[PDB]
Each structure stands twice: as C-alpha cells, then as structure tokens.
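Asks: give me a 3D structure for the following:
(chains A and B)
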Amino acid sequence: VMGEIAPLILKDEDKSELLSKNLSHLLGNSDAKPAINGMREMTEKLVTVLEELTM
DNA sequence: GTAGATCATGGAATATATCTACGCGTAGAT
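Replies: Numbers count the residues shown, from 1 in each chain, chains lettered A, B, ... in the order given. Sure, the structure comes next:
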C-alpha cells in the first residue's frame, strides 16, 4: 500500500518517507471496518488508483 | 193462697432527515 497506492492517493508527501508509516495514515483506520467495501470516498480513490495501476 | 208454667187469641397527524453532546476504540509514538 505505501509502496504504490499511497503516492497516487496521498498527493503531496515524500514517498520514501511514506514507506515507513502505519496503514491508517492513508486508509483511515478510525473508520476502517468492512465498510471499505462500500461506497465511501477513500474506497472511491482506492478503486481509481488500483484500476489505474493495473489498467 | 200465690208464683211459675201453660194455653188462648187472634183477617184478609405522522415519519424522517438533521443538529448536537458524549463515551470511546483505536491510532500514534516509543
């Protein structure tokens, strides 16, 4: 996640400095929950980034 | 001689989306 999805999701940060963090900084584990499979904004951007990465 | 018993004597207005306070589960740091 922080290797590839984070730089495309987190727009303005140092990617190497992003490589040494916790998943919640970009996923938002305060919410998290199986609700990521729903229609939430982070789900939207994650799906967009995944679809762009693998075309 | 008298008192009691006997006999005579008689026409025609409801449900729902929204605002707000609180505990709190988890995230972050080390």
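Asks: which helices and strands does the helix ranked longest in chain A pack with?
Replies: Across chain A, the longest stretch assigned as helix under DSSP state H is helix A:41-54. Applying 3 or more Cβ pairs under 8 Å, 6 or more residues apart in numbering; DSSP states H and E, one finds that helix A:41-54 contacts helix A:5-9. Heads up, the C-betas are built off the backbone N, CA and C, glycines and all.
Asks: show me which residues of chain A sit near DNA strand B.
Replies: Chain A comes close to DNA strand B at residues A:21-25, A:29-30, A:32, as judged by Cβ under 7 Å from any atom of the strand.
Asks: in helices only, show me the residues you listed.
Replies: When DSSP H is applied, those are split such that A:24-25 fall in helices.
Asks: residues near the residue lying closest to residue A:23 once chain neighbours are set aside, how many?
Replies: Closest residue to residue A:23 apart from its sequence neighbours, by Cβ to Cβ, 6 or more residues apart in numbering: residue A:1 at 6.1 Å. Look at residue A:1: counted by other Cβ atoms under 10 Å, it has 13 neighbours.
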